[PDB]
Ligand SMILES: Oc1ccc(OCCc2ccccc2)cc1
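Shown here is one chain on its own, the form solved without the ligand, set out as structure tokens.
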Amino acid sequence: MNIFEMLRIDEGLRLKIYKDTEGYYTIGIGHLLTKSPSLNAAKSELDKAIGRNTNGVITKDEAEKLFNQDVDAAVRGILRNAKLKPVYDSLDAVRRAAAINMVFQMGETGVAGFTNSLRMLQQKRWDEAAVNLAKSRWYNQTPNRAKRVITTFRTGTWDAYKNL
């Protein structure tokens, strides 16, 4: 297991524009197009992202290209953020994947708001962080996904993603 397989499990793959769990226009492997409620806005963003007149449909190769760029962007956002870098740097490789997952889903600013949970992660208080992380809009809105990520922070293993 690695970060790409993990997110592919959590986001799926759809080759036509769809709405994500919050109602926003999305494509591929969780690539957010726009928060605007206009489908025309979303098709404009898609065509700009891909570089061609797509008419709301992309290929599997195009989806995996956006995915590679989004994973790279999530990692670089972590390493540039002063609140996130020291936590990431303190973690083992499996738990680092959990941190990238959260940044991919909710963005760098959103994760840096989990101030208490980040401190507990840095101190390697795993059971305590896991409790604090579940006291969140994130957990109540997407509880199966949040459970898998939290389990990964708590155990440092991939057990939540095996079987799936």
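All residue numbers refer to positions in the sequence shown, first residue = 1.
Keep in mind that the form solved in complex with the ligand is missing from the display, and what follows is about it.
- Steric access to the site is blocked in the shown form: after superposition of the site C-alphas, the ligand as positioned in the bound PDB entry has three or more atoms within 2.4 Å of backbone or C-beta atoms.
- At a distance threshold of 4.5 angstroms between non-hydrogen atoms, residue 94 is out of contact with the ligand in the bound PDB entry.
- Although the partner is absent here, residue 46 is not a contact residue: none of its heavy atoms lies within 4.5 angstroms of the ligand in the bound PDB entry.
- Using a 4.5 angstroms threshold between heavy atoms, residue 107 counts as touching the ligand in the bound PDB entry.
- When contacts are judged by a 4.5 Å heavy atom cut-off, residue 111 counts as touching the ligand in the bound PDB entry.
- Contact check at 4.5 Å (heavy atoms) against the ligand in the bound PDB entry: none of 27, 42 and 57 pass.
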